[PDB]
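Undergrad: Would you mind keeping the following structure in view while I ask a few things?
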Amino acid sequence: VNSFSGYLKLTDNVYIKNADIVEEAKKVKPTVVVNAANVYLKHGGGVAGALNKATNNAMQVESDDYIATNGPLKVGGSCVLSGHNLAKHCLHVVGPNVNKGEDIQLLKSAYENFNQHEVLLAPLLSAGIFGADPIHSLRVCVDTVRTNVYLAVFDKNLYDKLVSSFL
Ligand SMILES: Nc1ccc(C(=O)O)c(O)c1
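Take 3 as the starting number for the sequence shown in the entry's author numbering and just add one per residue.
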């Protein structure tokens with residue numbers, strides 16, 4: 003048993019809810035929250051900008067030190083950093099950004115990072131401003147992640163479309 007509430011069960015291991023991931027993290031304090039990161043860990047917009055704002059910019063300060071030491075992530079890659087006030091840990095995962103021309107085949111590689119963690123609160127990778135089809139992102143998630151993933155979908159209209167169209 004875990005602390006996640008109000009989720010629809012899609013599969014043995016994948017759950018979904020219409021929720022603001024920031025508000026969900028603040029309530030649950032999960033072991034792992036996933037960030038929709040870019041390779042520079044520049045948390046300006048989207049889930050990343052919202053998560054970073056909720057940490058009062060401490061996520062960005064920590065991220066800048068990580069990049070100064072290690073250089074940029076790979077598209078499809080990840081790093082584990084602090085979860086600050088939102089979670090124990092934040093798994094920063096880089097899905098391909100279609101609005102920058104990145105290979106959508108890298109979305110499966112991105113989701114494979116989730117398998118290193120038994121339970122995660124996450125957004126749909128490459129959904130929203132990263133420009134991918136969220137229906138596709140949910141299909142790759144279900145077909146790739148084997149650990150327990152709680153997906154928080156911000157847009158109510160999209161949530162309903164994802165559930166209604168789910169095979
Ligand atoms: N508070 C939130 C939650 C999600 C997003 C998102 O873009 O997916 C956002 O931009 C703000």
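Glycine included, every Cβ here is placed at the ideal spot set by N, Cα and C.
Could you work out which residue in 18, 56, 45 is closest to residue 69 when comparing CA atoms only?
TA: For this step, residue 69 is matched to residue 67 along the sequence shown. Nearest option by C-alpha distance: 45.
Undergrad: Just checking, does the segment 68-86 make contact with the segment 15-24 on the three C-beta pairs under 8 Å criterion?
TA: no
Undergrad: Over the uninterrupted beta strand (DSSP E) stretch that includes residue 9, give me the two end residues.
TA: On the sequence shown, position 7 is the one that residue 9 refers to. Taken as a continuous stretch (DSSP letters only), residue 9 belongs to no beta strand (DSSP E), as it is neither H nor E.
Undergrad: Closer than 8 Å to a non-hydrogen atom of ligand 1 - does that hold for the CB of residue 171?
TA: Residue 171 is absent from the structure shown; the chain starts at 3 and stops at 169.
Undergrad: In angstroms, rounded to a whole number, what distance separates the CA positions of residue 168 and residue 91?
TA: Here residue 168 refers to the residue found at position 166 of the sequence shown. Here residue 91 refers to the residue found at position 89 of the sequence shown. Cα to Cα, residue 168 sits roughly 30 Å from residue 91.
Undergrad: Please find out if some non-hydrogen atom of ligand 1 comes closer than 8 Å to the beta-carbon of residue 18.
TA: On the sequence shown, residue 18 is found 16 positions in, with the first residue counted as 1. False, no ligand heavy atom lies under 8 Å from that Cβ.
Undergrad: Output the distance between the C-alpha atoms of residue 104 and residue 113, rounded to the nearest integer angstrom.
TA: Against the sequence shown, residue 104 aligns to sequence position 102. Against the sequence shown, residue 113 aligns to sequence position 111. Cα to Cα, residue 104 sits roughly 15 Å from residue 113.
Undergrad: Suppose contacts are defined by Cβ-Cβ distances below 9 Å. Is residue 33 in contact with residue 89 by that definition?
TA: Taking the first residue of the sequence shown as 1, we reach residue 33 at position 31. Taking the first residue of the sequence shown as 1, we reach residue 89 at position 87. Going by beta carbons, residue 33 and residue 89 fall inside the 9 Å limit.
Undergrad: Please classify residue 40 as buried or exposed, where buried requires at least 16 other C-beta atoms within 10 Å of its C-beta.
TA: The sequence position of residue 40 within the sequence shown is 38, counting from 1. With 16 or more Cβ atoms within 10 Å of its Cβ, residue 40 is classed as buried.
Undergrad: Enumerated in chain order, which unbroken segments of the beta strand (DSSP E) with a length of 3 residues or greater are wholly contained in the segment 60-112?
TA: 80-84, 91-95
Undergrad: State the Cα-Cα distance for the pair residue 11 and residue 65, rounded to the nearest angstrom.
TA: In the sequence shown, the residue the question calls residue 11 occupies position 9. In the sequence shown, the residue the question calls residue 65 occupies position 63. The straight-line gap from Cα to Cα measures roughly 33 Å.
Undergrad: Return the chain-ordered list of same chain residues with a C-beta closer than 7 Å to the C-beta of residue 107, the five sequence neighbours on each side being excluded.
TA: For the purposes of this step, residue 107 is taken as residue 105 along the sequence shown, with counting starting at 1. So no residue of the chain qualifies.
Undergrad: Could you give the DSSP three-state label for residue 117: helix, strand or coil?
TA: Counting from 1 along the sequence shown, the entry for residue 117 is found at position 115. Here residue 117 sits in helix by DSSP.
Undergrad: For residue 27, verify whether its CB is less than 8 Å away from any heavy atom of ligand 1.
TA: Here residue 27 corresponds to residue number 25 of the sequence shown, with the count starting at 1. No, Cβ of residue 27 sits at least 8 Å from all heavy atoms of ligand 1.
Undergrad: Mind checking which residues open and close the beta strand (DSSP E) that includes residue 153?
TA: Position 151 of the sequence shown, counted from the first residue, corresponds to residue 153. Per DSSP, residue 153 belongs to the beta strand (DSSP E) from 150-155.
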